[PDB]
Amino acid sequence: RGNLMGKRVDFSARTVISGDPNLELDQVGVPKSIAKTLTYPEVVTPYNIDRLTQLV
Amino acid sequence: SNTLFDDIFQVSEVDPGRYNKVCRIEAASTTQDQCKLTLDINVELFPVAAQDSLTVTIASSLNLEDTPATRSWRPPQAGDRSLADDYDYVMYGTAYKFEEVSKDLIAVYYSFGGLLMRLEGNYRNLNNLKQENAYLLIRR
Amino acid sequence: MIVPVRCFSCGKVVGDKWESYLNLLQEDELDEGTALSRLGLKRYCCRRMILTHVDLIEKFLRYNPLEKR
Amino acid sequence: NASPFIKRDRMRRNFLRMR
Amino acid sequence: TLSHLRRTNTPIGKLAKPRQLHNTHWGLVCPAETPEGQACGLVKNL
Amino acid sequence: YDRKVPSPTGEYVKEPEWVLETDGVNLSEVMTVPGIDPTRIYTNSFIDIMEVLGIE
Amino acid sequence: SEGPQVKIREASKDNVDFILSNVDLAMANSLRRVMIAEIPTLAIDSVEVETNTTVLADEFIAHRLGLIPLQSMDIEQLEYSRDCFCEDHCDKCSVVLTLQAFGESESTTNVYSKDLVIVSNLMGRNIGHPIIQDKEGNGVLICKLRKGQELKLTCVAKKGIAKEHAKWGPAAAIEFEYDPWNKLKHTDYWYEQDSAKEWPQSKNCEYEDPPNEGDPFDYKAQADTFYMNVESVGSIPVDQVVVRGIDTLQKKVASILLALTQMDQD
Amino acid sequence: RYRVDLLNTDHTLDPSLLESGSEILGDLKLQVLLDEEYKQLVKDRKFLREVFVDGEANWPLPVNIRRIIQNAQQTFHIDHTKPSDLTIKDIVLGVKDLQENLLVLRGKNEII
Amino acid sequence: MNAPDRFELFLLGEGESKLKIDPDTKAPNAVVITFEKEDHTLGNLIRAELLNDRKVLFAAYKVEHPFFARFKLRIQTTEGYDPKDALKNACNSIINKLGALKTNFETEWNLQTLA
Amino acid sequence: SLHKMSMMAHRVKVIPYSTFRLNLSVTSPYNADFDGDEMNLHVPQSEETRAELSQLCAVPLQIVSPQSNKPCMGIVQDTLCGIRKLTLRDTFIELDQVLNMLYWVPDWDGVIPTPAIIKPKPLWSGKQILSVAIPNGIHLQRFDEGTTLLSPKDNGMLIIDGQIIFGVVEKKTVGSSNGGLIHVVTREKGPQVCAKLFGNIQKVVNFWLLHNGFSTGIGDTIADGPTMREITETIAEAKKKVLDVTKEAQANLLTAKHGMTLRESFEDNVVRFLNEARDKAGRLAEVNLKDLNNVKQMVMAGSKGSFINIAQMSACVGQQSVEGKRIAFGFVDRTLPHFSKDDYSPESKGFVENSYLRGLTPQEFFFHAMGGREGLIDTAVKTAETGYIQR
Amino acid sequence: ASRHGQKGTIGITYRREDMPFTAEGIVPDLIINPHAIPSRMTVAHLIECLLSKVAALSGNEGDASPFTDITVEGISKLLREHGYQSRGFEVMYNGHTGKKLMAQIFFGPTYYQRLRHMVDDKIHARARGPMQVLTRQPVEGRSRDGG
Amino acid sequence: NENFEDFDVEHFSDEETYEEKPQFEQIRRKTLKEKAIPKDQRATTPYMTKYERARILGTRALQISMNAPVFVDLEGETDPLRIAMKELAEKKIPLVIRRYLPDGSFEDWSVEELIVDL
Amino acid sequence: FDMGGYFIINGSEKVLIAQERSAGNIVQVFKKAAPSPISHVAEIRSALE
Amino acid sequence: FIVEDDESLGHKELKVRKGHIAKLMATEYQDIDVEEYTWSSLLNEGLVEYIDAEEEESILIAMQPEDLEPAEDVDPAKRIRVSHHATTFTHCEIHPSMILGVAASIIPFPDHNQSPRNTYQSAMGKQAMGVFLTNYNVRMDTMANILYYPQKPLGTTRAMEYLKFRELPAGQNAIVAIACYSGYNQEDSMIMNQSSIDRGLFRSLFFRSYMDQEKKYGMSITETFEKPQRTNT
Ligand SMILES: [Mg+2]
Ligand SMILES: [Zn+2]
Ligand SMILES: [Zn+2]
């Protein structure tokens, strides 16, 4: 129950929450430092070679 | 374009309700004994009392010409001649019910943005009213 | 801990009025409201700035200094 | 109604006046 | 610090109801001062 | 109790009805006494319901 | 002149009280917001602490020093700090002040803002002076020193607006009121029995005719005749507050015009 | 609300409701279909009163028929003054074979 | 720590302009201008003065988020009238009225001698 | 995270502060309040899990809860109060504000609706502007008590082709209720249109409430003189009835109800009298409160508070109960040492007659503290026990 | 948090020119929501705000002891004596447009306490970090960059 | 450490309460082809479910993200998920779905023949 | 303003929380449950100092 | 307090009189030269008595002396006072507000609140931020939070004068509007004036102390506080 059936994970973030009437219903406001920390591995295609090169 | 309905009504009673800006008036036609009117009036722009004669006019449009809202409303330019110029109080709203009170008595329901108006009477003059948007034109 | 320089809401400079407020209190025998009205604090934001301020600075100066020259 | 203020300096001066 | 120096502690295995405020607690412990945790009513402040 | 009974006109009328409430569960011989409806007798304890009536 | 009209009711050293007539509501509110947040002003921005044996923290003293109102008459002649060619600060875009206070007295020594010494060359400008308002002659009480305590530090004062930080605000509180008789019905007075009784009349009610209580609601009436009271913090005189606010708003609209003409040729 | 008679007048249908409303009166096969529908409704009422002994009408059910009816009314601008285009045989057959399309189980054997 | 350093309320960032005029496809003769590094102070004033114009059908502004100092202002005018020209006329009118307000204020201040 | 709606998939908007910011309407399924709640984030690292998170766990796809076949999200709090205030019949919006409200709707088609009042001044009603947020083809009809096609109370609802005909928009309309606007829109238009509706209504109502203002104050909990006297008379006559029952029971003339002792029957009668007294006093206070009363507006909006909150703040807190009965004799034959022995008067056993506005007597304060302590203990044990049951 | 159990976080921060303001130019330091009041039935928050307003105007600190004979009506009379509305409402003006707010706003000083739950001590994120020695799972605690 | 009166429920925490109360075939067999139900007698729904559509979108977007040949015309779209939804829109996803019955048997449904109504 | 009332142990300010206990040398009578064969129990927690 | 029969006035009366109170204030003001009159002076004269919960079982206590003691038109704003209609009191409460603890004595008008809110505030006041001791500059405590500008509350209790709360406060008097301003304060959020934050509203210091120690694990297994170099570390 502590290490197998549920466990601690990476690529997670935790902070306090605030209301935002100007955000959409399905939209979340992520802090910039959290966004600078959490990453998503994106596979290089011709469709995103320029964008990924610019990000690099 | 033309006046779909027009009559002279005698305001029997003005009910303020719990609204301090809107009063629901009770009116009966003078010419026709079986036509009467209930209508909500924004009174700071058009103050009415009991026993007031009102020229109630329902038209499908305000321009003086015939009909050709699917067009965006715009502020009236200077010199624009409309049917509203001859009336002291103009509403705009939609029909939402045509229920028959009797064999001859048809009642028409109009909602001007939430200001409700029930007009009933015989159908030989109310037959002009259908399911469209109508302008309610009032002068005192 | 020491009197704030400016009122929190409006920003009127009240940090120069603290010692004059003390003078209006302790030897002129005025009540606090007349003392604030004397200093021109007519908005109650400035009035709660001077009235509610507690001066811990004298309680801190009672300690012997850590570096004495 | 009663005065809703903690004003204890003024009865301090008053009690010193009786003293 | 003042609140911490006047705390009590009730070590809870019996069948009584030691968590609810009792009538005899009048004027001896605070009627409304207790943690919201599992020590609610057990930790009382004089 | 006020049960809803189909009226002979077709409607459902709120017919009042004398209902006996009991504390302490016995069912096997309580359902066998005359003057009652043993087809409508209900018990708070579903365990005795399972033992006496059945699993369904 | 045709346009907005100004009639000052009360002019003081740090308070103008004027009636602003024949003007739209949005222009009055925008002018109010501009004198609240948009006027450039000199204020202490960076503090170089050399000796601090006080009982207060270093950045505590720095934050107190930032809020000291500095004289800002010739603030237009100064240049913006990032807009200058210099490395960190110079006399063209900054004013350097110093503060050397010692506890030589047995009693507690008060460090006032009048103890600030300007060490830069002003080139004849009228900026950098700490503002003295009280009759005592001192300034804002910066800190206190007992015997043997020393405070030596260097302040670099740059210019900025209150949007960047409220220490650059010369605004204090700006009173602002239109239609004291509620003739436009922009408010519905909460009441228990009589809204004319629980609500005290404002002092500006004397400058307008009370409603006739039988006349109809003038729906064509619009908001004008604004009652404004501007309070100067002390950095600039209050007339200069209003004038520089009009300057800043006019320059913002002119910058919009300039950007529009600049993209227009493209 | 439910019984329609094409051979009598106590439960007759007004000919103004539909264009095939005058000459439909006095038909036999359509009356047979209507009697079958009314018998089905009576059996349905008996079954429902057997199931819900409290006579509770409101129950959680999948498809909101009323909203679909109102959407069709407002989509096609039902003026309720023009006689309806529907023949009653088409209505009966449509209601009957709609139930065949309501497929929860796609098995092709008896018990399924 | 995540707070932006607060000159970004009124400093034009690198590689971006003061204005961004984008035509509006929803209505004929309508554009949306994104003002960058301003807020309600300019937006309300421009909106009201554009509403004072007679050949302007629509005029509205909105600050979509208080975090970012920007607002989108939408103008729809009558046919044959450029919304850019309406914006220029509104800005010119504001300049003229602010100048008149200025001159009135200094003259009527110089009338005051109790300062 | 007791249920599946309490952890869902959102879309990132990078913001320059230190908080997870999120819509107000989504806080109800999370059971989240901004009093310092932490709330976790998880980022999928693969296209498969990203796709199934977007297509299975997304916020709009789970608007309607399978828990109780009704929407779990709705218009709440300030937006609910402002949408009630906006759709009143008194509310008319001028052109300058109307254009800003129209531009605040992102999917506004760019046509200005014709005003409800053309002359002598172009005025749009609040229902007229709110109907712009409602997409076309939506038909909702609801009749309350006393609701006809003419609505003197403006209760119920009627929406035709996404246009509000009458009725104030309330918790029964845009709240998390079955058959409301949210349920109808997400069943006829889809989840994306319902999420856009959430955003549009929130934006336009929040803007109008910003330029309208809404407050509450100490004066909103104050009943006037005659109503306060009427409340005092109700409490006094209930005390008279309780005293008469006490005198009957002390002469043993009080019969015992079936299966229940003289003590329990007497206590049942006393508690029944005190509860109906508190309800009657609260009803008197609620009838007193004007439509401009802020707490009254919030109660009829359903955004916060209830009838009993008005009753306790303004008329009478009521009888304090511990474990279902009145305040027991913790001392010998008395509740407090400030009462004599064998006192069964309502003030002696935990009936608080004063309102929160007038403040509590110290005996009433201690009794209410006992009741609140019971509530806190019940909450603390119930949370752990129900988590146990759920796992 | 206030002194009445009305805790919460800062939603957003506005500058002075955006906040509402009285006819005297006083802006709030802090705006709470009306919805915190009726569900919690926190009347003493409102009474403390009223008494604090009267105290700031008069200069005498307010007596807020529980079981005194201090009524809201006396505080209302004292507030009305200072030229303000007796129930503490004020005519506010919108910060953005300068228009009067249609509903008057309850206004006044209220003693608030800063709590120690700063977001900077609680914000936490981890993409990849150290492992536990035993289970080879992410470690515990934001101080160790945990999972 | 820390001393917080702010009652934060430490979660997944019911074993305090566990310790409080601790006392109280013939059609298909093996791996034959009989598990593969023929297309003529498939008894599952022709409607592709929400989980089926989610996994097809995930698999197709994963393949497209690794240079699988896109079988629809791109409209300048670069995101693999929207390309996958475009492929699903005109049934150009070359996948079939193996719906396993509880007995171990299965049916094969192509994405082309599955009705996408949701 | 420091009031004392605590111990300094290894430089840590330690406070002894008052442990609350039932009194000794007092007779208390309790009613046990029905399945127990004993109806009432009189108990004293006899204590000497 | 002690209630005696007091046959001089013909009814029960507190043994404390105005003379004893005057002696008490004389001693208290001389502390700020007469005969010393302390709490023990009242204790030794039979004026006050120590009562525990057993002795509370056999006594009758009055709320207030001026209300319940003398033998018995009313203000409609006041709360309803019951006089209990009985005059056989043995004791009187010193003050009813003294039934509260330290934390609950900070709450202004706690009798006007729902009791769980008072409990929440009592728990929350320990998490308040402010000056905890005047010698915080010389204490190397592990964590220390000190407000910049603490202010005594405008609405203050008589009880907190004895808690020295007016000398070491834990908050500020903030001008508070109760408004649905922009939808950013909904449901336990606030909108705080950023200009006020710039001017020092609720700004506070935070001290953290790091303790490190060098120890000898044996003869040569020890460590030294030194600046390491990349060549040899
Ligand atoms: Mg929470
Ligand atoms: Zn101020
Ligand atoms: Zn330079």
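Residues numbered from 1 in each chain as written, not as in the entry; some residues may be left out. Chains lettered and ligands numbered in written order. Part of a larger assembly, values for the part shown. Heavy atoms only, no water. Residues with missing side-chain atoms left out of burial classes, pairs and counts.

Header annotation of the entry names cryo-EM as the structure determination method and lists the resolution as 6.6 Å.

## Some details on the side chain of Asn-48 of chain A
To be explicit about the condition: Helix and strand assignments follow DSSP, with helices taken as H or I runs no shorter than four residues and strands as E runs no shorter than two, numbered in order from the N terminus. In this description, contact between two residues means that some pair of their heavy atoms is separated by no more than 4.5 Å.
Position of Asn-48 of chain A relative to the elements: it lies in the loop between α1 (32-37) and α2 (49-55). Not counting residues within four places of it along the chain, the set of residues in contact with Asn-48 of chain A comprises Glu-42 and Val-43 of chain A.

## Thoughts on unusual backbone geometry
That bond from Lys-119 of chain J to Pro-120 of chain J is cis: its omega, 5°, falls within 30 degrees of zero. Within the secondary structure layout, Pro-120 of chain J lies in the loop between β7 (117-119) and β8 (124-125). Positive phi, close to 60°, is recorded for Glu-29 of chain C, a residue that is not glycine. For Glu-29 of chain C, the position within the fold is in the loop between α1 (18-26) and α2 (32-38).

## Some thoughts on the interface of chain K and chain N
For the record, the criterion: Using a 1.4 Å probe, buried area is obtained as the accessible area two parts lose upon being combined, added over both of them. Salt bridge, as used here, is a side-chain nitrogen of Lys or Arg placed within 4 Å of a carboxyl oxygen of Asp or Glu.
Across the contact, 72 residues belong to chain K and 69 residues belong to chain N. Both faces combined, the contact of chain K with chain N buries some 6700 Å², and carbon together with sulfur accounts for 59% of it. The three residues of chain K that bury the most area against chain N are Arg-3, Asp-29 and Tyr-111 of chain K, which together make up 12% of that side's buried surface. Put simply, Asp-188 of chain N and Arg-40 of chain K hold a salt bridge, and the shortest N to O gap is 2.6 Å.

## Section: the coordination of the zinc ion (ligand 2)
Keep this limit in mind: A 2.8 Å cut-off from the metal defines N, O and S donors, relaxed to 3.2 Å for Na, K and Ca; water is not in the atom list, so some sites may appear incomplete. Geometry is assigned from the angles between donors: four donors with all angles from 85 to 135 degrees make a tetrahedral site, four or six donors whose opposite pairs exceed 155 degrees while the rest stay between 65 and 115 make square planar or octahedral sites respectively, and everything else is labelled irregular.
Around the zinc ion (ligand 2), the donor atoms from the protein are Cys-7 of chain C (SG), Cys-10 of chain C (SG), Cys-45 of chain C (SG) and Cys-46 of chain C (SG), and they sit 2.3 Å away. Note that the zinc ion (ligand 2) binds four donor atoms; their angles at the metal cover 102 to 116°, and the shape is tetrahedral.

## Quick look at helix α3 (residues 80-89) of chain L
Since one α-helical turn is 3.6 residues long, residues separated by three or four positions face the same way. Worth spelling out the cut-off: Summary of the burial criterion: residues with accessible area below 20% of their type's maximum are buried, those above 50% are exposed, and those between are partly exposed, where the area comes from a 1.4 Å probe applied to protein chains only. For this quantity, the arc is that covered by the directions from the helix axis to the C-beta atoms. Here a polar contact is recorded for every N or O atom pair within 3.5 Å, except that within protein the pair must consist of a potential hydrogen donor and a potential acceptor, and residues adjacent in sequence are included only if both atoms are side-chain atoms.
For α3 of chain L, the complete set of buried residues consists of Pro-80, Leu-81, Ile-83, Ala-84, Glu-87 and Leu-88 of chain L. The arc that holds the buried residues of α3 of chain L, viewed along the axis, is 160°, so those residues lie on one side. As for α3 of chain L, its buried residues are in contact with α2 (47-56) of chain J together with α2 (50-64) of chain L. Two to three positions downstream of the cap, the backbone nitrogen of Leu-81 of chain L sits 3.0 Å from a side-chain oxygen, assigning the N-cap of α3 of chain L to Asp-79 of chain L.

## Considering the coordination of the zinc ion (ligand 3)
Residues and elements named next belong to chain G. Within the protein, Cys-84 (SG), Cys-86 (SG), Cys-90 (SG) and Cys-93 (SG) serve as the donor atoms for the zinc ion (ligand 3), at 2.3 Å. Geometry at the zinc ion (ligand 3) is tetrahedral, judged from its four donor atoms and the angles of 103 to 113° they form at the metal. On the primary sequence, the residues serving as donors to the zinc ion (ligand 3) are separated as C-x1-C-x3-C-x2-C.

## So, the interface of chain E and chain J
What counts, and what does not: For this classification, the nonpolar set comprises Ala, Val, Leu, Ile, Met, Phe, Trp, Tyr, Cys and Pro, the charged set comprises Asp, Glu, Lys and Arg, and every other residue, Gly included, is treated as polar.
Tallying the contact residues gives 16 residues for chain E and 17 residues for chain J. The largest contributions to the chain E side of the interface with chain J come from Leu-21, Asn-23 and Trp-26 of chain E, which together make up 48% of the buried area. Taken together, the connections running from chain E to chain J amount to zero salt bridges. Considered class by class, the residues forming the side of chain E that touches chain J number five nonpolar, eight polar and three charged.

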